[PDB]
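Taking the form deposited in one PDB entry, here's one chain by itself in structure tokens.
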């Protein structure tokens, strides 16, 4: 299995999306040895090593090059330690909501580029191709993300002729890939209290069944409350959009 032109010329290189966290490093890990571990992926960008704690950061060229380095070097033995290679979180990512119509990735990137250099901008799209009203804007550095978050909350940032300001907020970063493995679970007393009963269906008649059926009725109660608010919001937004 060989490759070479592992690049997409349209998008930038050495962004935060290609920065890898490397844990469980040997005590005397050097910056040159760290680069030599990743030298097969071409030249690396920013490399930091905290030699005491045994962790480090390395910035590869492209995102797909880092995904190859992750699955190849994760859990790899190196002088008595199993290396932990994960993708670092993005330090300057923003969530954009209330997007108007006819907004693309390029327009979203062009719009927020006035606050600083932008690495990536996405208009989140459903399974059928239409936008969901939400988007992602990733800046190269924290100051550009701080400026975009402050100005868009104070003033009204308009992307199109439609004078509805977009809402900017920090990206709620959720890990739906690594999750919570069994070895990372806290094995305490409340652990074994819940783990006493295996996964099962509640037997009709027991205390579990009656208590769970009240939860199902309560969850259905929550759905009726939320869906009532959703219809109230739509009628309120159609009221403002009606007047001129």
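Numbering follows the first chain given and starts at 1. Rigid core here is just the name for the largest C-alpha set that superposes within 1.5 Å across the two forms.
As for the form deposited in another entry, it is not shown, yet the points below apply to it.
Once the rigid core is overlaid between the shown form and the other one, residue 46 does not reach a Cα shift of 2 Å, moving by less than that. Panel note: the distance between the CA atoms of residue 8 and residue 124 is smaller in that other deposited form than in this form, the difference being 3 Å or more.
Compared with the form shown here, the Cα atoms of residue 229 and residue 127 sit 3 Å or more farther apart in that other deposited form.
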